[PDB]
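Chemist: Here you go, one structure.
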Amino acid sequence: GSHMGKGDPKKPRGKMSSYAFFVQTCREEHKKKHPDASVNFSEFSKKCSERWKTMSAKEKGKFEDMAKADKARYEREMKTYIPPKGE
């Protein structure tokens, strides 16, 4: 297990990648088909990952481009958020 230690700058660095954009899709599609069947991100991550790794450059390119657009919501945050100097 990864132990996280406090004292970090709390700097916004969390923008999702292509994989994540794929996993968020495959999930919602199934969640809409079954609104009463919990499709929790973590438990479905393994179902999407096996498909993600088996998709070609055509299918991945779609999720890449979109993942690039996610930086737009992280940039604005980091560009204005002034973190500690490591005190």
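Naming scheme: A, B, ... for chains in displayed order of the structure tokens; residues 1 onward per chain; ligands 1 onward as shown.
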Among chain A, which residues does DSSP mark as helix (DSSP H, G or I) when it is run on the backbone? Keep the chain and numbering as in the structure and answer as a count of residues only.
Modeler: 50
Chemist: Name all residues at most 9 Å from residue 74 (chain A) (count only C-alpha atoms; drop same-chain ones fewer than 6 positions away) and give them as a PyMOL selection string.
Modeler: chain A and resi 12-15
Chemist: Near residue 23 (chain A), counting only C-alpha atoms, which residues have an atom at most 10 Å away, once you skip same-chain residues fewer than 5 positions from it, shown as a PyMOL selection string?
Modeler: chain A and resi 18+28+41-42+44-49+51-52+63
Chemist: Using N, CA, C and O atoms, can you export the residues from the last selection as a PDB file, in the first residue's frame?
Modeler:
ATOM      1  N   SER A  18      -6.165   9.208 -20.889  1.00  0.00           N
ATOM      2  CA  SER A  18      -7.025   8.571 -21.870  1.00  0.00           C
ATOM      3  C   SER A  18      -7.750   7.380 -21.261  1.00  0.00           C
ATOM      4  O   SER A  18      -8.967   7.253 -21.400  1.00  0.00           O
ATOM      5  N   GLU A  28     -20.429   4.597 -17.422  1.00  0.00           N
ATOM      6  CA  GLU A  28     -21.696   5.332 -17.546  1.00  0.00           C
ATOM      7  C   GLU A  28     -22.682   4.595 -18.449  1.00  0.00           C
ATOM      8  O   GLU A  28     -23.878   4.540 -18.156  1.00  0.00           O
ATOM      9  N   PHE A  41     -16.541   2.963  -9.775  1.00  0.00           N
ATOM     10  CA  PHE A  41     -15.357   3.166 -10.626  1.00  0.00           C
ATOM     11  C   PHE A  41     -14.269   2.104 -10.410  1.00  0.00           C
ATOM     12  O   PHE A  41     -13.775   1.521 -11.368  1.00  0.00           O
ATOM     13  N   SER A  42     -13.914   1.857  -9.159  1.00  0.00           N
ATOM     14  CA  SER A  42     -12.841   0.915  -8.851  1.00  0.00           C
ATOM     15  C   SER A  42     -13.131  -0.519  -9.352  1.00  0.00           C
ATOM     16  O   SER A  42     -12.299  -1.121 -10.040  1.00  0.00           O
ATOM     17  N   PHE A  44     -15.138  -1.451 -11.591  1.00  0.00           N
ATOM     18  CA  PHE A  44     -15.317  -1.497 -13.043  1.00  0.00           C
ATOM     19  C   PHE A  44     -14.047  -1.118 -13.783  1.00  0.00           C
ATOM     20  O   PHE A  44     -13.947  -1.299 -15.001  1.00  0.00           O
ATOM     21  N   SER A  45     -13.071  -0.632 -13.045  1.00  0.00           N
ATOM     22  CA  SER A  45     -11.803  -0.234 -13.623  1.00  0.00           C
ATOM     23  C   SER A  45     -11.126  -1.435 -14.274  1.00  0.00           C
ATOM     24  O   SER A  45     -10.525  -1.319 -15.334  1.00  0.00           O
ATOM     25  N   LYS A  46     -11.279  -2.597 -13.648  1.00  0.00           N
ATOM     26  CA  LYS A  46     -10.660  -3.818 -14.135  1.00  0.00           C
ATOM     27  C   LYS A  46     -11.384  -4.393 -15.361  1.00  0.00           C
ATOM     28  O   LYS A  46     -10.798  -5.147 -16.134  1.00  0.00           O
ATOM     29  N   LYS A  47     -12.657  -4.051 -15.533  1.00  0.00           N
ATOM     30  CA  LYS A  47     -13.409  -4.501 -16.703  1.00  0.00           C
ATOM     31  C   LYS A  47     -13.102  -3.622 -17.904  1.00  0.00           C
ATOM     32  O   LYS A  47     -13.031  -4.090 -19.034  1.00  0.00           O
ATOM     33  N   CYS A  48     -12.930  -2.361 -17.647  1.00  0.00           N
ATOM     34  CA  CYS A  48     -12.585  -1.439 -18.704  1.00  0.00           C
ATOM     35  C   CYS A  48     -11.114  -1.558 -19.110  1.00  0.00           C
ATOM     36  O   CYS A  48     -10.797  -1.524 -20.295  1.00  0.00           O
ATOM     37  N   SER A  49     -10.226  -1.707 -18.135  1.00  0.00           N
ATOM     38  CA  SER A  49      -8.791  -1.835 -18.413  1.00  0.00           C
ATOM     39  C   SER A  49      -8.487  -2.968 -19.404  1.00  0.00           C
ATOM     40  O   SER A  49      -7.679  -2.796 -20.323  1.00  0.00           O
ATOM     41  N   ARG A  51     -10.275  -4.013 -21.686  1.00  0.00           N
ATOM     42  CA  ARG A  51     -10.742  -3.633 -22.999  1.00  0.00           C
ATOM     43  C   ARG A  51      -9.888  -2.500 -23.548  1.00  0.00           C
ATOM     44  O   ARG A  51      -9.590  -2.461 -24.732  1.00  0.00           O
ATOM     45  N   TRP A  52      -9.487  -1.616 -22.681  1.00  0.00           N
ATOM     46  CA  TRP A  52      -8.618  -0.500 -23.039  1.00  0.00           C
ATOM     47  C   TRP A  52      -7.326  -1.017 -23.662  1.00  0.00           C
ATOM     48  O   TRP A  52      -6.893  -0.546 -24.715  1.00  0.00           O
ATOM     49  N   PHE A  63      -9.877   8.898 -26.922  1.00  0.00           N
ATOM     50  CA  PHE A  63      -9.770   9.165 -25.503  1.00  0.00           C
ATOM     51  C   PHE A  63      -8.560  10.028 -25.179  1.00  0.00           C
ATOM     52  O   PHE A  63      -8.550  10.725 -24.167  1.00  0.00           O
TER      53      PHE A  63
END
Chemist: Need to verify the contact set: residue 65 (chain A), 12 Å, only C-alpha atoms, exclusion of same-chain residues closer than 6 positions in sequence. Can you return it as a PyMOL selection string?
Modeler: chain A and resi 16-19+21-22+58-59+71
Chemist: Tell me, in Å to one decimal, how far CA of residue 25 (chain A) is from CA of residue 73 (chain A).
Modeler: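 Going from CA of residue 25 (chain A) over to CA of residue 73 (chain A) covers 18.7 Å.
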Chemist: Give me the residues near residue 85 (chain A) as an MDAnalysis selection string, where near means some atom within 12 Å (using only C-alpha atoms) and where sequence neighbours in that chain fewer than 3 positions away do not count.
Modeler: chainID A and resid 7:11 82
Chemist: Report the distance between CA of residue 1 (chain A) and CA of residue 50 (chain A) in Å, rounded to one decimal place.
Modeler: 22.6 Å
Chemist: Given the choices A:20, A:72, A:4, A:78, which gets closest to residue 60 (chain A) if the distance is worked out from only C-alpha atoms?
Modeler: A:20
Chemist: Rounded to one decimal in Å, what is the spacing between CA of residue 67 (chain A) and CA of residue 38 (chain A)?
Modeler: 24.8 Å
